Amino acid sequence: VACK
Amino acid sequence: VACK
Amino acid sequence: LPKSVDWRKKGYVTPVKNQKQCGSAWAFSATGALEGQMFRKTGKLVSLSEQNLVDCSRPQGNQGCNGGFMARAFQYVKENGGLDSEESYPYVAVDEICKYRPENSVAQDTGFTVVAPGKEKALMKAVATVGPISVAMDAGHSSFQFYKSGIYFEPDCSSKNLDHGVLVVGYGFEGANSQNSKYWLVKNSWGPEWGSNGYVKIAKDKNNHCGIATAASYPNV
Amino acid sequence: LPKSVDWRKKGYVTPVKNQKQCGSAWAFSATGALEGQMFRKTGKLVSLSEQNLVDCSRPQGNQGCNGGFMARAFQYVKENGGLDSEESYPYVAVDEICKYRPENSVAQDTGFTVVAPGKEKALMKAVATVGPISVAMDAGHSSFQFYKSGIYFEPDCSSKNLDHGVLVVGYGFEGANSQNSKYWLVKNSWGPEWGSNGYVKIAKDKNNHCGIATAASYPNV
Ligand SMILES: [Cl-]
Ligand SMILES: [Cl-]
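In order, the protein sequences belong to chains PA, PB, AA and BA.
Each number in the authors' numbering comes from the position in the first sequence (counting from 1) with 443 added on.
Each number in the authors' numbering comes from the position in the second sequence (counting from 1) with 451 added on.
Residue 154 in the authors' numbering is what sits at position 154 of the third sequence, and the numbering runs on without skipping anything.
Each number in the authors' numbering comes from the position in the fourth sequence (counting from 1) with 221 added on.
Take a look at the structure:
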């Protein structure tokens, strides 16, 4: 996905 | 004139 | 717009939380923004459940501890009709079964508003008139990991390829000139022990440093 | 009593502030304690105006940037019928003419409670059951100016001759034994860059070190  |  | 803003001083922000070893910062950014909008709406500060977002928002495109997006989280709270409190749906930093309980819901949203991408002035207007704003940033540097104080500036930062969700709770400046040494006041989710009591000052109006204004948004309550 | 307490984790404490070049720590200590008691009463954490205290409490015996006392500050809030928010009455770190407005008040008190003098276990009981407590300490040593981390212990410290007001927001211990290496968790007003991001751990149960329990008090709301 992206933000972590 | 106590705490500053 | 005000020369500085700090929503922590008005009761809009919960104490700093810790995502631990789970890639859920997107869920902490989203609960932080919703915490501030619910407080603006009702006057009550209630900590919200990141775990509820981690376990339940796969249909909206999040992947729990493997990453996600704040906008997809605000979409889940809209489609779901609610979000549980931190107390009733505690954080355990691992992907678990969805246990959303409507009777424990303490927040709602109808969707979200997006800040114009890349525009730091649009972001400044949102922070000043709305409350805390969810944002993505490039945090992939040891300088960030070991940040302790002052205005953070990293030459290797990207304004385009971002990897971490955080919350802008205000902005300000150092010194007497309200321009010069400007910064964004950012809440992280690595615990109070990280950085400056859990916060970091990121350089402001320096070409969208670390991408803070690239993907900003807030829930509509 | 709990082996440790940290009121910052419960929403009682505003961000670290900076008195700058003004001897107003008594006002920062008083607003810190009033902020915690108003939050306990209403659930809203709102920063209070140290400038309102500096400019307006001369009748109660305070001397603005020349020093003062937390109890005289709680007496002023009681006699005045209120205290303005920091947002409405900003801090400029100099003595100015009083500008108090009742329409901007966000806090009240009916007086104050003094902790038994010199008794650290009385102080521990008040910190565990009331919230943050205003205290005076001997900060007149270079070791305090240059403090960075760990448990502060200054051999030349006085427990009788105090010169600086601070706020005890908790207590705890280092290591795995709850009774060894104990400390008071203290919020200072020298900005986040000083000490441990604005805080200091002062040695606890080591004979009222630096006078932390000599003149402790809190407002009654
Ligand atoms: Cl997003
Ligand atoms: Cl006092």
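Yeah, the Cβ is synthetic: ideal placement off N, Cα and C, and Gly gets one too.
Under a three-way DSSP split, which group does residue i fall into?
| i | result |
| --- | --- |
| residue 209/AA | helix |
| residue 222/AA | Only positions 1 to 221 of chain AA appear in this structure, which leaves residue 222/AA out of reach. |
| residue 287/BA | strand |
| residue 200/AA | strand |
| residue 294/BA | helix |
| residue 364/BA | helix |
| residue 394/BA | strand |
| residue 42/AA | helix |
| residue 244/BA | strand |
| residue 416/BA | coil |
| residue 249/BA | helix |
| residue 452/PB | coil |
| residue 342/BA | helix |
| residue 113/AA | strand |
| residue 127/AA | helix |
| residue 185/AA | strand |
| residue 48/AA | strand |
| residue 257/BA | helix |
| residue 276/BA | helix |
| residue 219/AA | strand |
| residue 104/AA | helix |
If you measure from the CB of residue i, is any heavy atom of ligand 1 nearer than 6 angstroms?
| i | result |
| --- | --- |
| residue 314/BA | no |
Does ligand 2 have even one heavy atom less than 6 angstroms from the beta-carbon of residue i?
| i | result |
| --- | --- |
| residue 358/BA | no |
If residue i and residue j are in contact, beta carbons under 8 angstroms, what's the gap, nearest whole angstrom?
| i | j | result |
| --- | --- | --- |
| residue 355/BA | residue 327/BA | Wrong, their Cβ atoms sit about 19 angstroms apart, outside the cutoff. |
| residue 24/AA | residue 56/AA | Actually they are not in contact, since the Cβ atoms of residue 24/AA and residue 56/AA sit about 13 angstroms apart, beyond 8 angstroms. |
| residue 254/BA | residue 344/BA | Contact flag wrong, Cβ pair sits at about 13 angstroms. |
| residue 444/PA | residue 68/AA | 5 angstroms |
| residue 442/BA | residue 259/BA | 6 angstroms |
| residue 195/AA | residue 147/AA | 5 angstroms |
| residue 242/BA | residue 249/BA | Between residue 249/BA and residue 242/BA the Cβ distance is about 14 angstroms, and since that is not below 8 angstroms, they are no contact. |
| residue 435/BA | residue 429/BA | 6 angstroms |
| residue 336/BA | residue 437/BA | 4 angstroms |
| residue 89/AA | residue 51/AA | 5 angstroms |
| residue 360/BA | residue 222/BA | With a Cβ gap of about 27 angstroms, residue 360/BA and residue 222/BA do not count as contacting. |
For residue i, is the beta carbon positioned less than 6 angstroms from some heavy atom of ligand 3?
| i | result |
| --- | --- |
| residue 406/BA | Ligands displayed in this structure: ligand 1 and ligand 2; ligand 3 is not among them. |
*asked:* Measuring CB atoms only, is the stretch 298-315 of chain BA touching the stretch 404-418 of chain BA, in the sense that at least three cross pairs come out at less than 8 angstroms?
replied: no
Handout entry: Residues near ligand 1, criterion Cβ-heavy atom distance below 5 angstroms
Key = 69/AA, 70/AA and 71/AA
**Request:** Could you tell me whether the stretch 198-214 of chain AA touches the stretch 370-383 of chain BA, where touching means 3 or more Cβ pairs closer than 8 angstroms?
**Result:** no
Check: How about the stretch 3-16 of chain AA and the stretch 41-56 of chain AA: do they share at least three Cβ pairs that are nearer than 8 angstroms?
Finding: yes
* Counting Cβ pairs closer than 8 angstroms, one from the stretch 93-100 of chain AA and one from the stretch 173-181 of chain AA, do we hit at least three? -> no
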